[PDB]
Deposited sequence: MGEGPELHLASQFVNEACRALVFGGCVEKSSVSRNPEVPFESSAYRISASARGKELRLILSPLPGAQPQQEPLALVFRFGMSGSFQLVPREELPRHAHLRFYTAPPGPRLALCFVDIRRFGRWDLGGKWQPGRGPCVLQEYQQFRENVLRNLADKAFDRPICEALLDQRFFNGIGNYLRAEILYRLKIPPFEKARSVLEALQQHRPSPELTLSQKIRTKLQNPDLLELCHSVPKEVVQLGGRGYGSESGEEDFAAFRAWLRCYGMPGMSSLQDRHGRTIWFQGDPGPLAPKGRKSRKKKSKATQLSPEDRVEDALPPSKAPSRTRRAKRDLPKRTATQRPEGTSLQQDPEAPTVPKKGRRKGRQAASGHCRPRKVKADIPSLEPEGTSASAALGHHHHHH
């Protein structure tokens, strides 16, 4: 679900589809309320890139494919349970909501956006969501600037643990990353955001917003039962024995150690 997983999903799409050629239409499950993808091509390649908590697929017709198609872009958010899988055409997982079909010569495969709870969404248009800040993984300096330029924003009145989830400034950070980040600096989660970002204008909190998710990207994995164990072995705080936890203002669990901090409930 978080920035590293989106990033790994987009590497997965790029690598797994490196030698695939897709054809035909793009199929959506009936249950899915996201929009139909009007795209048909006899021969196209798929590629991807990630930005924070979004992923962009590009569908690219080979030369001379028919019908006529200019490339198409789609932007995915995963919600709580999204992923991409490459599977045998007739062995679709349950909840594969959007499906791209390889073309012949070779084994009939399907690239699927798989999403159990259907919190994920896509849009037509390759446009990043307006409002999202820069990617903490891939656009670090922009990300860092955008936070420091904007400390007056009322978002920074909130505890630091809540501010870290705001995708306008922390695009890519989610519930496990906020615990892991805060925990490396032993910053109380209910310290006030502005105070912690008002005295830093030895990695600092904004640097870890980049390097911590980068560590995850570097474990590789997220199924892209063995890889989940490397991840579990990497977590130091989120869900771990001996840690405290509390409910933030929006009912989400913050894991931490020690001082809850002045704005605690």
Discussion item. If I number the deposited sequence starting at 1, which residue ranges have no C-alpha coordinates at all?
Written reply: 1, 203 to 221, 245 to 249, 291 to 400
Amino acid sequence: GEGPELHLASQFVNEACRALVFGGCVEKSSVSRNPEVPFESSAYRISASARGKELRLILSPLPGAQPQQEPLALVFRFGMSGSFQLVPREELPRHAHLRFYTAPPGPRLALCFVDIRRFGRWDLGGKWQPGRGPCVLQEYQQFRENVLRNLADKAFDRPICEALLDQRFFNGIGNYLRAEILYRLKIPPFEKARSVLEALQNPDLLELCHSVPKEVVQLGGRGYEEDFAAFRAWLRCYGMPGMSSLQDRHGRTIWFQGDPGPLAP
From here on, numbers count along this sequence of modelled residues.
Worksheet item: Taking only the CA atoms, which stretch has the higher mean B-factor in the record, 192 to 200 or 53 to 61?
Response: 192 to 200
Item to complete: Could you check which stretch, 230 to 238 or 33 to 41, carries the larger mean CA temperature factor in the entry?
Response: 33 to 41
Worksheet item: From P88, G79, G133, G126, which pick has the Cα B-factor that tops the rest in the entry?
Response: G126
Item to complete: Among all modelled residues of this chain, ranked by Cα B factor, put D115 in the bottom, middle or top third, i.e. lowest, middle or highest.
Response: middle
Item to complete: Place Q141 in the lowest, middle or highest third of its chain's C-alpha B-factors, as listed in the PDB entry.
Response: highest
Discussion item. Could you place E180 in the lowest, middle or highest third of its chain by Cα temperature factor, using the values in the record?
Written reply: lowest
Practice prompt. Could you say whether, by C-alpha temperature factor, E2 belongs to the lowest, middle or highest third of its chain?
Written response: middle
Worksheet item: Comparing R149 with the other modelled residues of its chain, is its CA B-factor in the lowest, middle or highest third?
Response: highest
